[PDB]
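A short write-up of the structure that comes next.
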Amino acid sequence: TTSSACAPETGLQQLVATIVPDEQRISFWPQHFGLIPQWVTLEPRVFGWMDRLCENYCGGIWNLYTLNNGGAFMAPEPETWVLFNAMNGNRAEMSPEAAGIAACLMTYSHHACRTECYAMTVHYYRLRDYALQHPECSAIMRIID
Amino acid sequence: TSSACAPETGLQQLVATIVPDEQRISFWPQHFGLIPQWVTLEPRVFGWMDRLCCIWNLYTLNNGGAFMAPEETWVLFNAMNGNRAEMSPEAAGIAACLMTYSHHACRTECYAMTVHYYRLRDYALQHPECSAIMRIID
Ligand SMILES: [Cl-]
């Protein structure tokens, strides 16, 4: 509910993303990220990373999602996009959903290092685990490497 | 010494390094000192080993993690999930630390403790005894 520091489970766990209802959309960022400095800027920062990564036209309609390990992210719904990261020189082709996961990972890791806020670090580890279980894990890990 | 900055993306190769005798005394405050009730972590690890069971060595990890493990195969039992598993004293220590860290994160709502859980957990994932470790903490 609040992306608490307490783990729902330890050990091995099947991770699942669930769309945030339209009713609860507006409360998403403070509810899950409100302990982190500059949380109101995270959504703009994700779109910023997506613009850096996108080779030509990406676009889409973006939704908000929660994870059953306490994580949370934004992406288009689960057509392919080509991304390119200049920091590592890699190109990768992937679904709009996977691209969104990739943009959020980059956002969370960068912002954790800037703020030294462990709550941001935990969001990174939680989404990273979802990426590690994802059918397009190889492409996601390639682009963020 | 412990940073909220996590640079690893894919599955990085992790190494555990024993803490030199000289640096033993400063281990707990250096790695856990910004966490409420950090002085309780050592006795709580000893307690989880008592519960699960069997000198301790202190270790640091190259992802910023840290743990301790005692120095044969032991049989552990966790009443929380009803699982039993055979493993080395090192593996048992890793298991005891993972339970201590996860529980203290819930107790304190301190995210640095959650990060310690993840960092040690990733070492367990690449450990030869991953299956036994993950089973006992399921
Ligand atoms: Cl499996």
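When we count neighbours, we look across all protein chains shown, and the Cβ atoms used for this are built from the backbone with ideal geometry, even at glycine. Each value in this text was obtained by applying a stated rule to the coordinates, not by laboratory testing.
Can you give the FRET efficiency for B:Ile55 and B:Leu11, using 1/(1 + (r/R0)^6), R0 = 25 Å, r = Cβ-Cβ distance, to the nearest 0.05?
0.20
As an exercise, use a Förster radius of 51 Å and the Cβ-Cβ distance of A:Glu77 and B:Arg84 to find the FRET efficiency, rounded to the nearest 0.05.
Efficiency computed from Cβ-Cβ geometry: 0.70.
Size of the protein assembly as shown along its principal axes in angstrom, Cα-based, largest extent first?
61, 40, 33
With unit charges on the beta carbon (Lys/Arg positive, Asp/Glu negative), name the residue among B:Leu52, B:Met87, A:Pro135 whose Cα is farthest towards the positive pole of the charge dipole of the protein assembly as shown.
Ranked along the dipole, the leading option is B:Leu52.
Where does the charge balance sit around A:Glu9 when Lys and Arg score +1, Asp and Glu -1, over other residues with C-beta under 14 Å from its C-beta? Before the final figure, lay out the partial values.
Details: positive: A:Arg126, B:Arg121, B:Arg135; negative: A:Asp129, B:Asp138.
Once all neighbours under 14 Å are counted, the net charge is +1.
Short version: ³J(HN,Hα) in whole Hz for each residue of the range A:52-57, in order, from phi by Karplus 6.51 cos²θ - 1.76 cosθ + 1.60 (θ = phi - 60°), x for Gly and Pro, what are they?
5, 6, 5, 6, 10, 10
Which parts of the range A:109-129 would a label at A:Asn68 reach, counting a residue when its backbone N lies under 16 Å from a point 7 Å out along Cα-to-Cβ?
Under cut-off, by backbone N: A:127, A:129.
Would you give the gap between the C-alpha center of the range A:127-145 and the C-alpha center of the range B:1-44, rounded to a whole Å?
Centre-to-centre (Cα) distance: 27 Å.
Average projected area of the Cα convex hull of chain B, in nm²? Let's see the in-between values first.
Working: hull surface 32.6 nm².
Hull-based average projected area comes out at 8.2 nm².
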